[PDB]
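In: model this:
(one chain, ligands or ions: 3)
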Amino acid sequence: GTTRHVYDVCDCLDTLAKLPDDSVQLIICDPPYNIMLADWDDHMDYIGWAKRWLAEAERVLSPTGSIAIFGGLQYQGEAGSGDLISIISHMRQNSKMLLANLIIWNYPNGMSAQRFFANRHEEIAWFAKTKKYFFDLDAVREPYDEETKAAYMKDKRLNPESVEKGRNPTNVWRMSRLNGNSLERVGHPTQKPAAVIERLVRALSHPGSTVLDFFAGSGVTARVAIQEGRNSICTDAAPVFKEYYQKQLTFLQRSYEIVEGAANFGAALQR
Ligand SMILES: Nc1ncnc2c1ncn2[C@@H]1O[C@H](CSCC[C@H](N)C(=O)O)[C@@H](O)[C@H]1O
Ligand SMILES: [Cl-]
Ligand SMILES: [Cl-]
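Out: Numbering: from 1, shown residues only. Ligands and ions are numbered 1, 2, ... in the order given. Next comes the structure:
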């Protein structure tokens, strides 16, 4: 009943290259949306660079696996950059994966704007490797209060089972981002709130399966994986990632084993 979690500082392609085909159940992907100066030696645009890990991501996913890709739809056209649409368009043309849902993360607060509608959303593209993708809706249903539940149980037109299990969360999630006073905050500039990752982990992966994140950033995926009983592999190219990861652990003050080093990826792949 003990889960395994491996972490290390690596480039995404180097991590993927060490993972065998169909060995991962879920991938959390919140990638940078611009290439680096040196990348111009081999590419002419963002997708040219991104196509490599997107292909590798699909390769390591199991037949029942899925990948959630975070991104926006505000790309302006700057060379070397792109957004979630650049990725989706590429996938429609070159991948057999299915777009099972385009989730809208609608957050409450943000900056104001005088010349346009203030931005209050970012997206999550959920891609499934095949039609046999795993999905656990009941694990993420939102229960009605005892009052609403009662009013529905009296309505013979409605199914009692559905009422008791709760409502489908829908593909529009109203969840707030982390603020400067959040207890989760480890220092990463774009740290994602555990709440959003949790819903993905619960709905798109089963207990004891492997969750992979090669742009781990703050290491939030490992914390969620540990909490939900999943195994995990988290890597990020930034040396500071190790610090964030260790910090995530302190939040966990349960049976799990932490292992450093890409050479040990296997520990987290074992079912
Ligand atoms: N080649 C690479 N391999 C692995 N990780 C990389 C990488 N290039 C960047 N990263 C890491 O990926 C993470 C991206 S955070 C991006 C958040 C959000 N998508 C946004 O655009 O604001 C960072 O932690 C960064 O260190
Ligand atoms: Cl959708
Ligand atoms: Cl993060």
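
In: Could I get the full set of helices for the stretch 1-150 of the chain?
Out: Secondary structure of the stretch 1-150 of the chain (DSSP state H, counting those that start in this stretch): helices at 12-17, 46-60, 84-94, 146-154.

In: To ligand 2, which of the ones you listed lies closest?
Out: Set against ligand 2 and scored by Cβ to the ion, the helices of the stretch 1-150 of the chain come closest in helix 84-94, at 11.5 Å. Where you see a C-beta, it was placed from the backbone N, CA and C, and this is true even at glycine.

In: Tell me if the closest one is near ligand 2.
Out: No. Helix 84-94 does not reach ligand 2 (Cβ under 5 Å from the ion); its nearest approach is 11.5 Å.

In: i'd like the first residue to be 294 from this point on
Out: Will do, 294 is the new start, and the previous item becomes helix 377-387.

In: Can you mark which positions in that helix are buried?
Out: The neighbour-count check on helix 377-387 (16 or more other Cβ atoms under 10 Å) flags 377, 379-381, 383-384 as buried.

In: Show me how far stretch 375-390 is from its chain's centre.
Out: 17 Å (Cα atoms, centre = their mean, to the nearest Å).

In: no no, stretch 487-496
Out: For stretch 487-496 - counting by Cα atoms, centre = their mean - the centre lies 8 Å from the chain centre.

In: Report the buried residues of that stretch.
Out: Counting neighbours by 16+ other Cβ under 10 Å, one finds that the buried residues in stretch 487-496 are 487, 489-496.

In: Please give the number of neighbouring residues around residue 352.
Out: By other Cβ atoms under 10 Å, 15 other residues sit near residue 352.

In: Residue 483 now?
Out: Applying other Cβ under 10 Å, we find 11 residues neighbouring residue 483.

In: what about it, which SS state?
Out: Secondary structure state of residue 483, per DSSP: H, G, I helix; E, B strand; the rest coil, is coil.

In: For the residue lying closest to it once chain neighbours are set aside, give me its contacts.
Out: Excluding its sequence neighbours, the residue lying closest to residue 483 (Cβ to Cβ, 6 or more residues apart in numbering) is residue 510, at 6.7 Å. Residue 510 sits next to 323, 481, 483-485, 529, 534, 537 when contact means Cβ atoms under 8 Å, 6 or more residues apart in numbering.
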